[PDB]
Number of protein chains: 4
Amino acid sequence: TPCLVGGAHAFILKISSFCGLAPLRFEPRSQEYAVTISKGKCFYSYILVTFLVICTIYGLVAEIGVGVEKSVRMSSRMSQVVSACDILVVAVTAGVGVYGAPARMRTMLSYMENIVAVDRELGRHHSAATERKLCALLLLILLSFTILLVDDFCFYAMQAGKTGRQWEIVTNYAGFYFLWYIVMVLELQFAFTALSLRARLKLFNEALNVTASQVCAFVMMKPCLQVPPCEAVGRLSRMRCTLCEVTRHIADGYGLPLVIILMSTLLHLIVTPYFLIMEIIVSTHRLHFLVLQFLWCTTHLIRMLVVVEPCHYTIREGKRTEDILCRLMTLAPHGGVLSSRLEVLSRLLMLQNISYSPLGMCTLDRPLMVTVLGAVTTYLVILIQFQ
Amino acid sequence: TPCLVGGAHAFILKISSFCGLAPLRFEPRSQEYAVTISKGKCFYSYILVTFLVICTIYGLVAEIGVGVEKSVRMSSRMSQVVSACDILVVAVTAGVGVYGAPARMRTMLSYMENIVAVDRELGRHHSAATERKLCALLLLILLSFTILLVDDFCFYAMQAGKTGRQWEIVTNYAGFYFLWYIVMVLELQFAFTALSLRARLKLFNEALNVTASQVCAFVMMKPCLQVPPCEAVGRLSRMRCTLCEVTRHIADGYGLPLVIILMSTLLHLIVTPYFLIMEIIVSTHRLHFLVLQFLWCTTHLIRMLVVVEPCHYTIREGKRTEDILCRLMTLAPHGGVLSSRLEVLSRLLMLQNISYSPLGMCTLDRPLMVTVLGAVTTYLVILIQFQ
Amino acid sequence: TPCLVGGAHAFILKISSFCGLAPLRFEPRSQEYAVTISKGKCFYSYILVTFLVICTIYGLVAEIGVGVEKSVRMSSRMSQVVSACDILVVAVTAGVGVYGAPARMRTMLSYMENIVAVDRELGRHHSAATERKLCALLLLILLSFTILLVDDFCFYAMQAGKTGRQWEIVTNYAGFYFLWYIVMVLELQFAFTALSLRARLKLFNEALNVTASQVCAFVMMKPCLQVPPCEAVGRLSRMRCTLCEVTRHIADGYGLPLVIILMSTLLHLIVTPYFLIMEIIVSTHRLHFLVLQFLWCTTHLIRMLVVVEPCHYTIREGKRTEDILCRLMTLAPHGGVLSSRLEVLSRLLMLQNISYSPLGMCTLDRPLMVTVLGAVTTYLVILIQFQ
Amino acid sequence: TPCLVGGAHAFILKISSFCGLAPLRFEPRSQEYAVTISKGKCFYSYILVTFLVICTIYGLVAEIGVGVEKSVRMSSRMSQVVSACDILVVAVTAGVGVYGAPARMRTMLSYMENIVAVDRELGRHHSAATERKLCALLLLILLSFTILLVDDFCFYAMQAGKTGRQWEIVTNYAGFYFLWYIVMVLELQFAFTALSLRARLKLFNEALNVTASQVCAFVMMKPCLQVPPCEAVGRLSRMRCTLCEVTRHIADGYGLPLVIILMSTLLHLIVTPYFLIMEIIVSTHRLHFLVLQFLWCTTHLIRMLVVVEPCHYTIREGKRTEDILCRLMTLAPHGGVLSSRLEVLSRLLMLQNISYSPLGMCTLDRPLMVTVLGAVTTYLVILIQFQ
Ligand SMILES: OC[C@@]1(O)OC[C@H](O)[C@@H](O)[C@@H]1O
Ligand SMILES: OC[C@@]1(O)OC[C@H](O)[C@@H](O)[C@@H]1O
Ligand SMILES: OC[C@@]1(O)OC[C@H](O)[C@@H](O)[C@@H]1O
Ligand SMILES: OC[C@@]1(O)OC[C@H](O)[C@@H](O)[C@@H]1O
């Protein structure tokens, strides 16, 4: 029983397995999947990302070498720099995601066996309807992004068909669009890992609340409590320490990809609206281009949202536990042994909090999204008014 | 006895009832009002806001279709975009306020029965003079805003009278001004809900201070304490947990309207001073327009103030309770049972604080107003100097 | 024995008494001063500030009415607005300082009798050398500012002597320079109130440290401790609550003047360097003007420094007390009664901190000065490069 | 036994001794170095920095007096100001570093004898491989910076060889490059002091974790614990107070140099990329200049990194100790004496944290680097688009 992953979190692992983002071996168990590191998939991931980055660099160099008048996507001087910056930031995100995948997956195996212990202690997990909805949402995001990628690729390939270099665009941007797909899969993988962790934290909060109600190794019954509240509070304190450790492991594993993703999102939310506005004020003459630019703006916003939303939900659960603990304290006999257990839990809550701080650069939550959007508007207002 | 609301908070509920912002049934009790959800008022609110938004969109489209030279309000290219942005942000604020009203009102019924329990425990509320002053202030704000709306509508209708399209302006902006009224009523409703909660918190602080003095279900006497301080401190700890729950419920109910209101306030505090300055530097030729622009700048500032002031007062009360608790700790016998109750209260104060964080985006307080005004000036200085 | 103020804090009270900033009656006691509110000085302050503001407004209107070519100080279009903004912000600062003085002085009497109790408990205060140095520093700042005001007034009066309107400049700027003097005196008064409070906090920290050492109503001996450490820690906890109350009273009394002072400092640190640079790049032709502009830039920086430095020192003392308390905890018998007193003191330190937050807008400390200077440079770089 | 310093921290002390940044006497002990203040080295440092600053000022004045067309480095009007600003900020950094060195070294002796006590208590330190790697890294940074300085000096001396004033560039920039070397040595000295402190904190965390495991004056065995966990926790609480004191001493000693270094880094990260881009867009004609500009951009980034990275590692250790303490609390008998010791340690952790706040202006960590880089990009985008 190496890891025994399952649910919607295990669905993106299979999807990420073919993108180089989860070099694991999946052994069916008719209930879950026993995942372990495979060296063959690690080597495949390494060679795939290396080939994709090499092809992306070669296409970026070739499109520069085609020229300004001959090339369709990058037909200016700032256009060449903006296109190169977009291509390179996407390539760097994909390379960070795939080259760091096997170590990330070992860390995943560790905190996932920890989560298996916690889930055995708490008792079961969410219903199959919730995981089906989560799988549907992940598949919807992936398919929407893939459809956008295919549409944009076909549009730019058909635009160069007038010049006759239709296959040149394919050769120069196939790796770029593959790296886009890889980046999206990496974002979704992190988001669903964080969402499964937040589900565990929600179960912990429910168990603590049931300890509060005191209706009166399978700590929970379904709710109902199968142990005295004093024992339950200590077991839940240990479980919360385990959950904090798992959250820290996830943050350590995804900190560099998360920071690169945030930087890429800032860059794209600056550049895409800029040229979308530039195409509008000067002369449209292209409905498909404007549609694609709006869709890409929404795509970058959705990328930022799927990065920062599970962290916000985790922090919200970490505040709900404090509210529950305060209501716990106001109840129970004053000088009883339950009160001292709740005091230990209070010290735990004050000392450590379950949050995400990728690389220590910032905190992943809603205020970060406000700061990024405030900076994007500041840059856009400065840049647009110059033209 | 469903809810039994009363005071100045219940005055805006009747006013909001006709705007679609409080679909409740009011049953008189000669002392308070027993409010409950009515499906007929919910349907009326839905159809009213839908009709108003449809009319607003139709008028915005028609004014665009009139043209640049023919239309009076939006007679440029950036003017059409600025006018559309203002109209759409007002419509979105009103739609968020009215479409989310019935759920907001159910949450209101819940935390209001909780507040009724708390007020029975503490004992009575503020005098009738205070609620009369609050009603006077709310009515003053509402009537000032309505007078400004009517004046602005009449001014822009008379401006188009020279061209002959006086009724066109009416048809294209009636729904816009109705949505302005709805937005103001929603802001006032939130402000007075928060103010009533802050009044309850002030009563709690007074009770805790009376426990400190120890002059020696009607916990308070008037002040005087009718129970031993040890019992009073535990009852007050429970009451403070209830007040925190009620504050969180209010924040959850109003988070989306509050965020949309703040965004609209930022947009308006950017655009209104910009065109007010533009009219001044180039050529005035219009005293009424400049008067209306200054009045609208003050109106947007007052909107931000009525949003962020009750939250600041609530946070100030939440700090006063900490000061009172510290002075409590320094008194009382050192190893007594009162000291341990005060320690539990200290843990409660450290773990949770009574504040407002709409949607988790930010914190509603004075520093947020400073940040918004700092961003507005940064945008204005950049934009004005370009011209 | 109404208040019994003394030291360098009582020196600025006499100076502020003639500026309308301290309408108190000073009764000598050969050791300190028994200060109390006098209605005659309150009326004198009111009429003086009203007359000064009326004269300032009249001079500002007259200088506008003189014209652009005829007037020397404001000889442009932006110059008239910048001059008016400077004059009006100085007038508003002086009006807030003087109109709010009597209530501020009643609050001062309250927390000063509290401080007298604390100082009797701790034992004496700092030596006469320290208060002499503080008086020398305050007098140096006041005399430097007065010399700058007189020099600037004489320079601008002599500049208009060529046109012949030498007395017009006097008539139009006498009240302006008087209000400058009043603003400086108000800043110094707040700074020395905060400095005396920080001295009391430093004495408290020394007493706590002496409790730590345990060398073994005159709690302190000089150091030495005259009471058992358990009693001393409780008395010091009460004293720290009193000091927190006094700090909050000072912040409440000076919050509006402090916020207006910070806004005026931001405005002046924007406008003075702007025109100093503008005079340099275009054509100097005036050494005295550039010298005065540099001196005014340094003056505004010194204003910000004297506002934010005593608050920083107070916060530094509030951190030193936490360090001392931690070292206290690591010592003493583990389960003794002293440990529980130190635990109560720890709860006090965690719950409340001695700082300054004027009006709740911000926190007065070094980071605020960094934020203000960062905004000033951002505005200056944007504005200067446009020219 | 005055101080007994050793390791990679003692290597930069000898290097800084000849730069005026560590006026100490080194007495060999075959295991460590007994360092003490020497007045001769203090006087040498003072005269050396005074001579270097005098020569730097004279060269800056002479290069201005050469002219615009004749001078090669500063051949414009903004170039003269930018060059003067760079030279003066480097000179100010070097002067702050060297003039404040002897007091900094006395503080170093104090907290270093404290660290010797702590290291005797914990037991030994890291292996010789780690200190050899640290010495290699410091030497690599120093030699890379020296090679860049020599290359840049030779390039600018050879550029003036065409005009014939080859020795004029030497005379005008020798002191400038010497001050650059001094600034780099000061940065490395602070970085390695902070790194040695973080190593001590890591040893403390390991000891606390071993107390957790309870395998069962040489508190640690190697791991293993030679004392009961209750005694070990109290000794570790005292050690953590000592480490906090040492961190505060280091921050006090280096606060002014750190703030000046951060300001210089901001200025250089603004100006160097600006002129690097300006040389690119207009006309390159100079590969060596662009190579040097890119190398200087990377150098300034590395300066910021070596300033802010050891502080980030220290804060990371200070969070790891909280995680370890929480896991400690969840274990151990509930009402035992070990639990109360852990509670005292929790109060210590909550009250004080091991971090760096130079002068109180800001906090040295990763978010500060993000804020600086965000401001640099904002200034660069505004400035570049103007041209
Ligand atoms: O084709 C991909 C892409 O370059 O299309 C253009 C968009 O502006 C950009 O954000 C996006 O990455
Ligand atoms: O008539 C309403 C309105 O458009 O009038 C013009 C003001 O600038 C704007 O803020 C306001 O919403
Ligand atoms: O004479 C006062 C004053 O206007 O002089 C000119 C300075 O720029 C300004 O800061 C100062 O207030
Ligand atoms: O020679 C040193 C220097 O002036 O070279 C030019 C670089 O732009 C600058 O950062 C650097 O300090």
Side-chain angles (χ1 to χ4, degrees), chain A residues 291 294 298, chain B residues 15-24 37-68 70-75 77 79-105 142 145-146 148-157 159-160 163-190 254 256-265 267-268 271 296 299-300 303:
Chain A
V291 165
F294 273 115
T298 58
Chain B
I15 294 178
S16 315
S17 180
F18 309 112
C19 320
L21 299 151
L24 311 154
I37 294 293
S38 54
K39 281 197 171 186
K41 282 210 185 177
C42 291
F43 287 153
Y44 151 78
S45 84
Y46 281 146
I47 63 184
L48 170 83
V49 66
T50 317
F51 180 81
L52 279 185
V53 166
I54 282 160
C55 281
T56 309
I57 293 295
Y58 165 73
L60 177 58
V61 166
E63 207 64 28
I64 284 175
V66 172
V68 176
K70 200 65 68 69
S71 88
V72 61
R73 295 217 43 186
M74 41 198 289
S75 64
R77 187 48 56 188
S79 185
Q80 291 198 325
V81 185
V82 162
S83 304
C85 281
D86 178 20
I87 284 172
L88 287 178
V89 71
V90 167
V92 164
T93 313
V96 162
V98 183
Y99 282 129
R104 192 147 59 246
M105 286 303 107
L142 204 56
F145 189 72
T146 314
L148 169 78
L149 290 189
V150 168
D151 191 36
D152 196 1
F153 181 73
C154 283
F155 162 78
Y156 276 127
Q159 285 301 108
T163 303
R165 40 188 311 277
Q166 184 144 35
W167 313 116
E168 292 205 30
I169 283 290
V170 176
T171 309
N172 301 312
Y173 290 96
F176 182 50
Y177 284 107
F178 269 81
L179 296 185
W180 264 121
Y181 178 76
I182 291 183
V183 169
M184 199 68 234
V185 174
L186 169 81
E187 293 196 60
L188 291 178
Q189 192 195 63
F190 159 77
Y254 283 102
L256 189 61
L258 282 166
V259 166
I260 303 301
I261 281 159
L262 284 173
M263 286 172 65
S264 70
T265 309
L267 188 153
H268 288 115
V271 295
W296 271 110
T299 304
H300 302 318
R303 293 169 54 225

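The chains referred to below are lettered A, B, ... by the order of the sequence lines, with proteins before strands, and numbering in each begins at 1.
A donor-acceptor pair is defined here as one N or O able to donate and one able to accept, closer than 3.5 Å; no such pair exists between the side chain of B:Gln189 and the backbone of B:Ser16. Between the side chain of B:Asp152 and the backbone N or O of B:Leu148, no donor-acceptor pair lies under 3.5 Å. Under a 3.5 Å cut-off, the side chain of B:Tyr44 and the backbone N or O of B:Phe18 do form a donor-acceptor pair.
For B:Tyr177, the ring-ring contact (aromatic ring centres under 6.0 Å, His included) partners at least two apart in sequence or on another chain are B:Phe153.
Residues B:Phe178 and B:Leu149 are not in side-chain contact: their nearest non-hydrogen atoms beyond the backbone lie 4.5 Å or more apart. Considering only heavy atoms from C-beta on, B:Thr265 comes within 4.5 Å of B:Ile261 through its side chain. With contacts defined as side-chain heavy-atom distances shorter than 4.5 Å, the pair B:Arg104/B:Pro257 qualifies. Counting only heavy atoms from C-beta outward, the side chains of B:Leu24 and B:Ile37 approach each other to under 4.5 Å. By the 4.5 Å heavy-atom criterion applied to side chains, B:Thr163 and B:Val72 are not counted as neighbours.
In this pair, B:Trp296 and B:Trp180 present their aromatic rings tilted. The plane angle is within the 30 to 60° band.
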Can I get a per-line list of side-chain donor-acceptor pairs under 3.5 Å for residues 86-102 of chain B, giving both atom names and the distance, sequence neighbours left out?
residue: B:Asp86; atom: OD1; partner: B:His268; partner atom: NE2; Å: 2.2
residue: B:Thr93; atom: OG1; partner: B:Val89; partner atom: O; Å: 2.6
residue: B:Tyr99; atom: OH; partner: B:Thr50; partner atom: OG1; Å: 2.8

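Here salt bridge (charged side-chain N to carboxylate O under 4.0 Å, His left out) pairs that include residues 53-64 of chain B, with residues two or more places apart or in two chains, are B:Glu63-B:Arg165.
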